[PDB]
Amino acid sequence: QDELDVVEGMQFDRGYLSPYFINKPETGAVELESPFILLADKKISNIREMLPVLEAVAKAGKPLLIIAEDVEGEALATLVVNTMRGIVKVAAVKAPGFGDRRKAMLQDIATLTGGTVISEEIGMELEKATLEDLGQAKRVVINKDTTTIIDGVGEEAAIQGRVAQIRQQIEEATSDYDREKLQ
Amino acid sequence: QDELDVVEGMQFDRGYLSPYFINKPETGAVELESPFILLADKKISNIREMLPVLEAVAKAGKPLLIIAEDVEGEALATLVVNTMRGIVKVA
Amino acid sequence: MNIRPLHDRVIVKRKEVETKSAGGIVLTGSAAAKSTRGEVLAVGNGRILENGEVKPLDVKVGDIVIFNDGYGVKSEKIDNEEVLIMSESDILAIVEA
Amino acid sequence: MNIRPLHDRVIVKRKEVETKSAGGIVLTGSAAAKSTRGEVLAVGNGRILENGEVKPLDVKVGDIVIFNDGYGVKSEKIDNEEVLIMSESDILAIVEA
Amino acid sequence: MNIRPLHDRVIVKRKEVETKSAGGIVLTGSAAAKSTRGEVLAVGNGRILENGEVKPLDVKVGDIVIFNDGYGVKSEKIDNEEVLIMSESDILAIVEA
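Residues numbered from 1 in each chain as written, not as in the entry; some residues may be left out. Chains lettered and ligands numbered in written order. Part of a larger assembly, values for the part shown. Heavy atoms only, no water.

This entry lists X-ray crystallography as its structure determination method and reports a resolution of 3.788 Å.

Next comes the structure, spelled out in structure tokens:
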């Protein structure tokens, strides 16, 4: 029989890495209340250098979300321990796509949440991190295989400029698949 | 239908290097208002040496354009940060 | 909690890592470098070498000092703050007033 | 069982391996690092250099010392507990009061 | 803002990188070389070594000095100008009159 699936808001593949931290519901899916979002271009290894960020949230109380190509074992260790002790609630997810595409979506995530993209390929390092660069949302839920953002507080005008520019990037290139990914 | 496009005033190949910087219009293409242009014979890597130039622009506020064989990643980093933060608009 | 270096050793705290001031408003990227400035917070008695008692150091507690980040420079955590420990030999000059 | 260091050498006991105080409640994993804080348990006579008898060292038994885990640093087991043996040169500072 | 070197250390400012004097009117290019001439801006008290008090160095502020651009020479920014910091050991000669 024919089946129709419909995905509303922001949702895509790639779930969390460590199932050890969990929230109020079951099924493994983790929901956050007025969540905090961070995004990165490269992977990471040290965790102490993340002091200026994490501590800030520890002064804010708001739960955190992390986006990168990957996150190493000790980072998940600190994160899972800290979430288990209940001082700070954090989740981590590997980058969605590859090369230029993952970045091309990282910009839209940044603009949709309202924050600004951080990139190692740009002068700003993983060290240099401010409370303006990090994004904010109303609620986000991430399960084993898929991640979902429901509502970013980022204004619609920014989204307008972005959908404009992306559709402009659509009005070229041959084959379909490419146009399809852009769509 | 047949359409004629006409470009007035100097046009040639080779576009921008970093699509990271954008202006008021879309397409990634940047337009500049009463811009200043610099031209060089060699390549570049350092960014501090542009003091006598950038400072002038930092005293003017008006946007700059640069021409060389190429400009390296770290310079693209400094410029993209400066254009994104909105301190000075340069291509 | 205050600390006490053991002769010849000086404990200073770093300021801002590569203070963004180039051009005046322009943000400089990272050229794999750091900052060499600091502020003296703790000072040992002095160098013990050459037997003859212990000769005091020429750096007083509270000085804004410019140094060289050599090999003898070590890092430590006091009161959950990052501090650096060095010798007078690694210290180059002092900024006054 | 008490031990006896031979002049200029200081024997101290390590504290907690990377004492968890980062952030205040955040537990850091192991980044191939150790602890640099300890408490002095045994002290040698003093430095032997410059012939002129033996001048005692400036660290007394019972001092809480912060040191550098250099190359001269060795580990030993006494009464089935892990203790550390080093020199006065490798010792940096003392926490007082 | 004036600076103050701490003993044995000398702070001098470099002149022009490869001073244009080749031929008399010919402008020399860069052969991966630098300038070896400079002007001393600040001088420390003197060498502290050898215990016996502190003997002053033989370079006074205002001498035109030729040095060697070794490893111990460091660069700094004072009053938004590039200055060089070295020791008395690395400086080669002084041109007088």
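Draft legend 1. Representation of the overall build of chain C within the structure. Per the secondary structure count, chain C includes 0 helices and 9 strands. Starting at the N terminus and ending at the C terminus, chain C contains elements arranged as β-β-β-β-β-β-β-β-β. Along the three orthogonal principal directions, the C-alpha set of chain C runs to about 50 × 30 × 30 Å. Sorting the 97 residues of chain C into buried and exposed places 42% on the buried side. Put simply, of all contacts in chain C between residues at least 6 apart along the chain, 61% involve residues at least 24 apart. Carbon and sulfur atoms provide 51% of the accessible area of chain C, an area that totals close to 5200 Å². (Helix = DSSP H or I, 4+ residues; strand = E, 2+ residues; numbered from the N terminus. Buried < 20%, exposed > 50% of the residue type's maximum accessible area, 1.4 Å probe, protein only. Contact = heavy atoms within 4.5 Å. Areas by Shrake-Rupley, 256 points an atom, 1.4 Å probe, with all protein chains shown as cover.)

Draft legend 2. Structural detail: the interface of chain C and chain E. In this assembly, 18 residues from chain C lie in contact with 17 residues from chain E. In total, about 1400 Å² of surface goes out of reach between chain C and chain E, with carbon and sulfur atoms giving 58% of it. Linking chain C to chain E there are 1 salt bridge. The residue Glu76(E) makes a salt bridge to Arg37(C) at a minimum N-O spacing of 2.8 Å. Linking chain C with chain E are 7 residue pairs in polar contact. Top element by residues in the side of chain C that touches chain E is strand β9 (residues 91-95) of chain C. It accounts for 5 residues. For the side of chain C that touches chain E, the residue count by class is 8 nonpolar, 3 polar and 7 charged. Examined bridge by bridge, β9(C) and strand β1 (residues 3-5) of chain E share 3 bridges and lie antiparallel to one another. Within β1(E), the residue paired with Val95(C) across the bridge is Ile3(E). (Buried area = accessible area lost by both parts, 1.4 Å probe. Salt bridge = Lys/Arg side-chain N within 4 Å of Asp/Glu carboxyl O. Polar contact = N/O pair within 3.5 Å; in protein donor to acceptor, adjacent residues only side chain to side chain. Nonpolar A, V, L, I, M, F, W, Y, C, P; charged D, E, K, R; others polar. Pairing = 2+ DSSP bridges.)

Draft legend 3. Broad picture of the relation of the copies chain C and chain D. Turning chain C through 49° and shifting it by 0.9 Å along the axis lays it on chain D, with an RMSD of 0.6 Å. The share of interface residues of chain C whose copies in chain D are also at the interface is only 5%, consistent with the copies meeting through different surfaces. (Least-squares fit on C-alpha atoms.)

Draft legend 4. Geometry of the sheet that holds strand β3 (residues 37-43) of chain C. Across the sheet, which stays open at both edges, the 7 strands sit in the order β7(C)-β8(C)-β2(C)-β3(C)-β6(C)-β9(C)-β1(E) with antiparallel pairing between neighbours. Two strands in the sheet have a free side with no partner beyond their single neighbour: β7 (74-78) of chain C together with β1 of chain E. Averaged over all pairs of adjacent strands, the angle between strand axes in this sheet comes to 40°, irrespective of strand direction. Pairing analysis gives 5 bridges linking strand β2 (residues 9-14) of chain C to β3(C), with the strands arranged antiparallel. Bridging across to β3(C), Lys13(C) finds its partner in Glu39(C). (Axes fitted to C-alpha atoms, helices over the stretch in contact; angles between N-to-C directions.)

Draft legend 5. Inspection of the interface of chain C and chain D at higher detail. Each partner contributes to the interface: chain C provides 19 residues, whereas chain D provides 22 residues. Between chain C and chain D the total buried area reaches about 1700 Å² when both faces are included, carbon and sulfur atoms providing 53% of it. The interface formed by chain C and chain D holds 0 salt bridges in total. Our count for the chain C to chain D interface comes out at 6 residue pairs in polar contact. For the side of chain C that touches chain D, the element with the most residues is β7(C), which contributes 4 residues. For the side of chain C that touches chain D, the residue count by class is 8 nonpolar, 4 polar and 7 charged.

Draft legend 6. Seen up close, the environment of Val17(C). Looking at the secondary structure, you find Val17(C) in the loop between β2 and β3. Exposure remark for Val17(C): the relative accessible area of 57% places this residue in the exposed category.

Draft legend 7. Inspection of the arrangement of the chains at higher detail. Ranking the 6 pairs of chains in contact by number of contacts places chains C and D first. Contact between chain B and chain D is absent, and the least distance between their C-alpha atoms amounts to 29 Å. The least C-alpha distance between chain D and chain E, which are not in contact, is 13 Å.

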